[PDB]
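The structure appears right after this line, and notes come after that.
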Amino acid sequence: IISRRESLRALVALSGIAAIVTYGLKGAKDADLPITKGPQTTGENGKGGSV
Amino acid sequence: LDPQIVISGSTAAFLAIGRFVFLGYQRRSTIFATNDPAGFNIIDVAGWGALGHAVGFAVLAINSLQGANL
Amino acid sequence: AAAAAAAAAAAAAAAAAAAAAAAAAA
Amino acid sequence: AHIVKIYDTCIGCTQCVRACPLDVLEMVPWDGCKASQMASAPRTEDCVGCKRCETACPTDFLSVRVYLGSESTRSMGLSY
Amino acid sequence: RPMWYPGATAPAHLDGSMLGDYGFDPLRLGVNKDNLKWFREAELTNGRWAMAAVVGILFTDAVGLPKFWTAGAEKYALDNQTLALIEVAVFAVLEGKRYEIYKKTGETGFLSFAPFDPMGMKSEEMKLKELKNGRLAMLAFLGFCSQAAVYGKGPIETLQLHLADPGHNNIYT
Amino acid sequence: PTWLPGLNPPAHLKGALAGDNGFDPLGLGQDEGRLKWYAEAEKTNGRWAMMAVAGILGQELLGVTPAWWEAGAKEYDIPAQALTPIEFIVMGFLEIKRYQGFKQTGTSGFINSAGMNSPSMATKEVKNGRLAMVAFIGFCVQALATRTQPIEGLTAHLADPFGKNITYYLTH
Amino acid sequence: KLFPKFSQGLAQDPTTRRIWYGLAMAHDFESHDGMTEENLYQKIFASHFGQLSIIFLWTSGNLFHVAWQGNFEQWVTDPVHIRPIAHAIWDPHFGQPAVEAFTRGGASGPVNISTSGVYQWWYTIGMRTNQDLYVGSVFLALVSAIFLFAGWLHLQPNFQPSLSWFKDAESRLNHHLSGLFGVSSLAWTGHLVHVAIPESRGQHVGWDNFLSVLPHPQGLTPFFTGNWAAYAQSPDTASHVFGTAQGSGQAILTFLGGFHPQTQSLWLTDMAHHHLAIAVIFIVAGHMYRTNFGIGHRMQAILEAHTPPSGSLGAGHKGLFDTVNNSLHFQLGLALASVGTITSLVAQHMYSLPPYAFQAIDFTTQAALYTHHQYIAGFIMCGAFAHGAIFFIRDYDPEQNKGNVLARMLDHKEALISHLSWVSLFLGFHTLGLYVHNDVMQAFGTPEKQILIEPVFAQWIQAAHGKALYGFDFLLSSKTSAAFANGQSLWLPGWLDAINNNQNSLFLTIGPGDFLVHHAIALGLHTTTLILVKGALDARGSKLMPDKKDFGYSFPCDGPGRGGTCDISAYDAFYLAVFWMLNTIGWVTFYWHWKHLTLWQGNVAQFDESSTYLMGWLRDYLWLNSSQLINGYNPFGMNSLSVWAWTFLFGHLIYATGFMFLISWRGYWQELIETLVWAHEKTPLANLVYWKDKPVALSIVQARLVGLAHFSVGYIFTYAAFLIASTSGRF
Amino acid sequence: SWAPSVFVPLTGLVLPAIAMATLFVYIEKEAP
Ligand code: CLA
Ligand code: CLA
Ligand code: CLA
Ligand code: CLA
Ligand SMILES: CC1=C(/C=C/C(C)=C/C=C/C(C)=C/C=C/C=C(C)/C=C/C=C(C)/C=C/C2=C(C)CCCC2(C)C)C(C)(C)CCC1
Ligand SMILES: CC1=C(/C=C/C(C)=C/C=C/C(C)=C/C=C/C=C(C)/C=C/C=C(C)/C=C/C2=C(C)CCCC2(C)C)C(C)(C)CCC1
Ligand code: SF4
Ligand code: SF4
Ligand code: SF4
């Protein structure tokens, strides 16, 4: 597929394309990224103690 | 205190103090036209006219914060 | 995509003026 | 290439040449001293600028003088 | 000539080596001639399939066939991961034939073999007509994906939808 | 050719482009390479204002059913935000062909079939132009205090000359 | 070989300092190859477009992430209990307890609580909805692209400015005072009166209906007649509710003083009369200087003619104008002196006079906004002396400056430095000596034997401003005085109600803990100037090195000869001051924060007991208030303070890495690299790999800079972690 | 909505790696 410098520059860049544009939607694993989950129980309290 | 007399007379005052008194003390691509006898062109008039209006608006404003306390 | 395509069709005429700026300066 | 420029306050005691660890300096005749000699820097291409010359000049406000310029592979003192 | 826009010059690497230097390289991506050999075929092969792809659907949108977005996930026979073992390994033989045709001899497109040019096609004004039909066919396919993503109806009847209202019914959604 | 018989400033006082009137008190008529751009920009700020003023007092005798500040957004054929890329193409397409060479109104996309007007008709178009630009800034200041309508200030001033003036509205 | 395109003497450098000095003197335009003075000013002028286009892209970034990821529309309705949001978090390195511990403020995902306080500034300038914030972001993103394109076009050879265009100091200073300062503030009162005044009264003035809403119910009629008090008839009442019309009032230019009762902010109406008043003065002061019209003042006749008789100031200011107009480091040094003091003046006048609504109730916002513009003021003020020291080397001409006030500075330059060295030594003796005296009296159980000097000279000033806590009954605490009686309808009753409230930061009550720390600030101010003024004056030479001007500003040394000359350069005299600067601003911010913590907690006596001795600085402010910070993560769990807990250790790490470049110097390291070169060139199968730039150790001047940067970044990140998490941890 | 899971691996893994590369190959160009 690739044998020169500028062909390898394209294939590394396009493989970086093919991972990252999928990683935002299909590649966010259920166990890996807890941000790509649902809104869990609580947390939205005041900063504590006083104001 | 009057709306039309004070701002008119103040500008009439300060277009006379630079016209008749401070003539020589101020004097110490061709727009300067001395067609009055000692150079009283529109550049000099708008300088003494900015002082004539602004002090006249100061007088009408001080006369209207219910009165004077000086 | 209303304001997306309208800004893109505005950016087309903006880039065409940029082709005028990229030549008339030098 | 460092800038070594010496001056007329030289007395020609040649302590700068003996102190130079890189043979930057040598002694040229000059009538403005009793010892009839004044230094010279024909080899500033080889200078590192380690300033052992002007640690050794006796004269007040040193006669030899080294200005640290742009560093080549000889001025950085490199075996590599 | 009128390349793509008045006034502007074509850059120095667009010397008509490829036919029709239309001055359209703002990112200067036609400088390297080793890459420029590939970008000729990149402008061909992205249109060689997409010409027959767009005619192949505009024939068969509202005749007897469903949407091409649902044509793939339709219940066929002998589920298509097994057919992908056919439909990758057979077309790789075609790319294996053409692998000695990219680099050594005979730049692709204008080869004209005996079963592949049986009628003897010809010189200029017939190279541009093959060229110009390939551009808006590529512009069709990134339209048809976006015509189906925005309007869930059929792309034939979107033409009648724009003729029903040129003002409000637009791309402007 | 004096604004007042006191002075005549520039070195561009003799050099003209058939639009001379002799007034530059601030210094923007002295760089000789740029008066090929100052005079054309003064022309084009006038020419796009001439068609404006024709379509501002035009709907005074004509239709009152259009308003003024709502005239930019009514129910048109396209929506008003949707008809804008037609304006980005078609206006610019004649604009670029006007820009070509800038050879002192070169007939490239505005060819006139004839009519060239090398005498004072050029200066009169300038004087109509330098007064059409004052016309539009008249139409968008004294109207722009949300008081006067498409155009009813002249019809008021014909009724009340010493009445309705600048220092006599002083309301909403 | 190609990367320093500006310095070909660096392009011939086969070593790895070619990369380091390609970066660091890339913006030293006066020393590039082939640089001329017409070429000098054009690259500076385009770079100022580059700074402006970054600032507006930065601010449009703040408007975007607040409008998208923030809760500004939720924070408008309840601006006390709802915490602000900076920008949401996507860190895929997180765990599930670190997602739910950072979800706060009523949001969906993890968020950052904005302590920069751009909500309070935006809420009081009229922003109410997120749709009003996206429009501001797209506007500044357009304006940032204007300044990018402007810096490109003003380098193009048709549009390159002439050399005399830049030296016209008359026309710039006439345009920037009148237009950039006056018209801008005149237009900002236009934003206040039309939009920001009626938005607080519960009236939406958008771009759709600003040509329909009168700002005043009888508008433009008092301005044209004269009764300007009609603009101050019915102001915002003492029972106004900010954001609604409940007790609204109709005035547009009121002159009250003091604070709004709800927000405890400045009134919006006198902020309108403020920026109107200085707009009038800046426009009037913007008609002073003689540009092109025959009237005005020439700068070449005001400096030179102010020479006092009997030789008081040498030859006066004669000849300075050609050394200000031609020199850039003099102009840059004045500007960093002015901006660096009116950066502190921003900070000193926003905790005491908070200008934005529901500020000085959000406490972490107040802590960040003061401490930010003090270190920003600290760095700018020491750069004024830095580029003042570059002036004496690169730009000073003694033949041009025969006998003026600038050369008399260099003439009696030892009297300057020795009298600074007396004041700095007297303060350090007698401030530390009093704290150590107090610390020993705390240690021996007898606090009565302390030296507690009451701050008489400042309490006399607070009583003169109207603070009757001390009973000097002098001017405004004196009710039968003149100045009290000349302003009882003018501006005083708002101001006098606002000082004698004990719970705002307007002229805080002070005791002997505040005696000691202002002298410590005075120590830190006089010592930082001692280092810097010595770096300016002895930049051209000393008795140790009488030709320092021949080497330049930033040179390593002059060898081991003459006893040894480590840190002899004026650069190396500037860098020592950054340590004494960060010390000094560290002292002003410790004292600001801890007097405000004890104010906001309520234990205002816990400061005054403990601030008199240095253990109370340690065991009551650093030990006591870092309780919830360091508990940001523990093996029990973690909470919202763990990002500030991590940074607090991250700051200690950069700090101590700074000592590595400061204690270890270059030549231990160059020998260590020579072993690494050997072990690379003799290792099998790594001899395939070879470098291009030869690895050499970091140079002497570089090691100063790299070590000072690690010192300063770790200094800032440590205290900012302690500042944000100790304030917001209990608040 | 899918933005903060895409632009962050661009700016933080991919676009810096391009700037790690292009601003490195520029460093050791031999000047003609
Ligand atoms: C009236 C016409 C006019 C105006 C408006 C300007 C405006 C400007 N010129 Mg300029 N210039 C002019 C005429 C004018 N010029 C002329 C005629 C000349 C030739 C003689 C020049 C020559 C010139 C040069 C050579 C340079 C400029 C620069 C600048 C910019 C100043 C940098 C900046 O933003 O800081 C503005 C600073 C402030 C607004 C802050 C100070 C205001 C107060 C006192 C501080 C405290 C209040 C604060 C605002 C409160 C903040 C609250 C909130 C915003 C946070 C600015 C855009 C510089 C620049 O950036 O290049 C584009 C520059 O290098 N000009
Ligand atoms: C208006 C602002 C301003 C301007 C235009 C200049 C302009 C200049 N200065 Mg000056 N300076 C300023 C403010 C300013 N300075 C301030 C505020 C200080 C005090 C801090 C200094 C101190 C100073 C010194 C001491 C020297 C200059 C020098 C220079 C000249 C060379 C530029 C240079 O070295 O850039 C290149 C700059 C860099 C490569 C940046 C270095 C790294 C810094 C410290 C940033 C590090 C931040 C760090 C990475 C944060 C990230 C942490 C991470 C964990 C997130 C140039 C004329 C030099 C000169 O003229 O030589 C004779 C010189 O010796 N300046
Ligand atoms: C905590 C650390 C520390 C301390 C105490 C000082 C102290 C001082 N520095 Mg600083 N300095 C420091 C860190 C420190 N520095 C750092 C990190 C840097 C960056 C390198 C600098 C850079 C720096 C510069 C560049 C300058 C100073 C100067 C000064 C002096 C300021 C005058 C003064 O306050 O005198 C008061 C001093 C004291 C109170 C200390 C004396 C302690 C007691 C009173 C002595 C007697 C106690 C006891 C009897 C002795 C026991 C010994 C034996 C009998 C067992 C003073 C000596 C300036 C200077 O020389 O001004 C005159 C100056 O120009 N310093
Ligand atoms: C030169 C040393 C010096 C410096 C820089 C300062 C600096 C300061 N003092 Mg301070 N002070 C000093 C010595 C000094 N003090 C001494 C020796 C005393 C007597 C114990 C005080 C007593 C004092 C009080 C009671 C107060 C301040 C305050 C302040 C602050 C405000 C300025 C002010 O009120 O002016 C005060 C200015 C002076 C006292 C002038 C002192 C200058 C002389 C020359 C020092 C030598 C004094 C000595 C008896 C004379 C010997 C002669 C010798 C020169 C040969 C400021 C930080 C105020 C404060 O707390 O701010 C919040 C405040 O209320 N000072
Ligand atoms: C003809 C003649 C004559 C007469 C003359 C005269 C009478 C003149 C006048 C003139 C004038 C009469 C002038 C004026 C001027 C003015 C000005 C120029 C102004 C300016 C203004 C300003 C600047 C203002 C500002 C403001 C405002 C806006 C308002 C408020 C306040 C303020 C300040 C803010 C006689 C018979 C003798 C003789 C013969 C000749
Ligand atoms: C080194 C040098 C330099 C620098 C310098 C500097 C850096 C400076 C700074 C300076 C400063 C930083 C100064 C400051 C000043 C200040 C002042 C002088 C103040 C005053 C004050 C006052 C006057 C006040 C008054 C008052 C009061 C008492 C209060 C109330 C109000 C009133 C107003 C009444 C330069 C560059 C030039 C160069 C040369 C040398
Ligand atoms: S400098 Fe000192 S050593 Fe060098 S020559 Fe002159 S005298 Fe001899
Ligand atoms: S500089 Fe270093 S090398 Fe050159 S002479 Fe002086 S000492 Fe010897
Ligand atoms: S190197 Fe270090 S030690 Fe040797 S002279 Fe320069 S500074 Fe002094």
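List of remarks:
- Residue list for segment D:64-78, restricted to those being out of contact with any strand residue (DSSP E or B) (no Cβ under 9 Å at 6 or more places or on another chain) and either more than 7 Å from chain G (Cβ to nearest Cβ) or not in a loop (DSSP other than H, G, I, E, B) (or both): D:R74, D:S75, D:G77
Okay, residues lined up against (1) charged (D, E, K, R); (2) within 30 Å of E:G16 (Cβ to Cβ); (3) surrounded by fewer than 10 Cβ atoms within 10 Å (Cβ to Cβ):
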residue: E:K75; (1), (2), (3): yes, no, yes
residue: E:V88; (1), (2), (3): no, no, yes
residue: E:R98; (1), (2), (3): yes, yes, no
residue: E:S112; (1), (2), (3): no, yes, no
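- Any pair with Cβ under 7 angstrom, 6 or more apart, that starts in segment F:22-33 at a residue that is closer than 22 Å to G:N158 by Cα and within 11 Å of another protein chain (Cβ to nearest Cβ) and ends at one that is of a type in the set (S, T, N, Q) and in a loop (DSSP other than H, G, I, E, B): F:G27/G:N292
- Exactly one residue among B:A50, B:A68, B:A38, B:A46 is out of contact with any strand residue (DSSP E or B) (no Cβ under 6 Å at 6 or more places or on another chain) and more than 21 Å from G:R290 (Cα to Cα), and that residue is B:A68.
- Test result for D:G49, touching a strand residue (DSSP E or B) at 6+ places or on another chain (Cβ under 7 Å) and within 9 Å of ligand 8 (Cβ to nearest atom): yes
- Of all residues in segment G:395-430, those that are within 16 Å of ligand 2 (Cβ to nearest atom) and out of contact with any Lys or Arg (no Cβ under 9 Å at 6 or more places or on another chain) total 1.
- Reported count of residues in segment B:13-43, each being under 20 Å from G:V284 (Cα atoms), assigned to a helix (DSSP H, G or I) and away from chain F (no Cβ under 14 Å), is 5.
- Cβ pairs under 6 Å, 6+ apart, first in segment H:9-32 and more than 12 Å from chain G (Cβ to nearest Cβ), second surrounded by 13 or more Cβ atoms within 10 Å (Cβ to Cβ): H:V14/A:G16; H:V14/A:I20
- Any chance G:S627 is more than 16 Å from ligand 2 (Cβ to nearest atom), within 14 Å of chain A (Cβ to nearest Cβ) and exposed (fewer than 13 other Cβ atoms within 10 Å of the Cβ): yes
- Among the residues listed as G:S184, G:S162, G:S171, the single one being among the small types (G, A, S), within 16 Å of ligand 5 (Cβ to nearest atom) and closer than 30 Å to G:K43 by Cβ: G:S184
- Condition check for G:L180: part of a loop (DSSP other than H, G, I, E, B) and aliphatic (A, V, I, L, M): no
- Residue that is nearest to G:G378 (Cα to Cα) [pool: residues in segment G:295-314 that are touching an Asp or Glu at 6+ places or on another chain (Cβ under 9 Å) and away from ligand 5 (no atom under 16 Å from the Cβ)]: G:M299
- The residues of segment G:303-332 that are over 15 Å from G:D397 (Cα atoms) and within 16 Å of ligand 1 (Cβ to nearest atom), listed by number, are G:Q331, G:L332.
- Which listed residue is within 14 Å of chain D (Cβ to nearest Cβ), more than 16 Å from ligand 2 (Cβ to nearest atom) and farther than 23 Å from G:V706 by Cα, from G:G559, G:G541: G:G541
- The residues on offer are F:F110, F:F102, and the sole one that is farther than 27 Å from C:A7 by Cβ, loosely packed, with under 13 Cβ neighbours inside 10 Å and within 14 Å of chain C (Cβ to nearest Cβ) is F:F102.
- Criterion: farther than 30 Å from E:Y172 by Cβ and under 20 Å from the mean Cα position of the chain (by Cα) - qualifying residue of F:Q100, F:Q104: F:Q104
- Residues in segment E:25-57 that are surrounded by 14 or more Cβ atoms within 10 Å (Cβ to Cβ) and within 14 Å of chain C (Cβ to nearest Cβ): 1 in all.
- Hits in segment G:549-570 - residues which are surrounded by fewer than 22 Cβ atoms within 10 Å (Cβ to Cβ) and within 16 Å of ligand 6 (Cβ to nearest atom): G:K549
- Complete set of residues in segment D:24-63 that are within 10 Å of chain G (Cβ to nearest Cβ) and buried (at least 16 other Cβ atoms within 10 Å of the Cβ): D:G49, D:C50, D:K51, D:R52, D:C53, D:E54, D:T55, D:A56, D:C57, D:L62
- Taking the conditions (1) closer than 30 Å to G:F574 by Cα; (2) outside any loop (DSSP other than H, G, I, E, B) in turn, G:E674 satisfies each one other than (1).
- Candidates in segment G:25-51 are the residues that are outside any helix (DSSP H, G or I) and among the aliphatic types (A, V, I, L, M); of these, the one that is nearest to G:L328 (Cα to Cα) is G:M35.
- Residue within segment A:13-21 that is surrounded by fewer than 11 Cβ atoms within 10 Å (Cβ to Cβ), of a type outside the set (V, I, T), over 25 Å from G:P97 (Cβ atoms) and within 11 Å of chain H (Cβ to nearest Cβ) present: yes
- For segment G:92-100, the condition of being closer than 30 Å to G:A145 by Cα and of a type outside the set (V, I, T) holds for none of the residues.
Coordinate-derived values only; no laboratory data. Cβ sites come from the backbone with ideal geometry, for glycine too, and all protein chains shown count toward neighbours.
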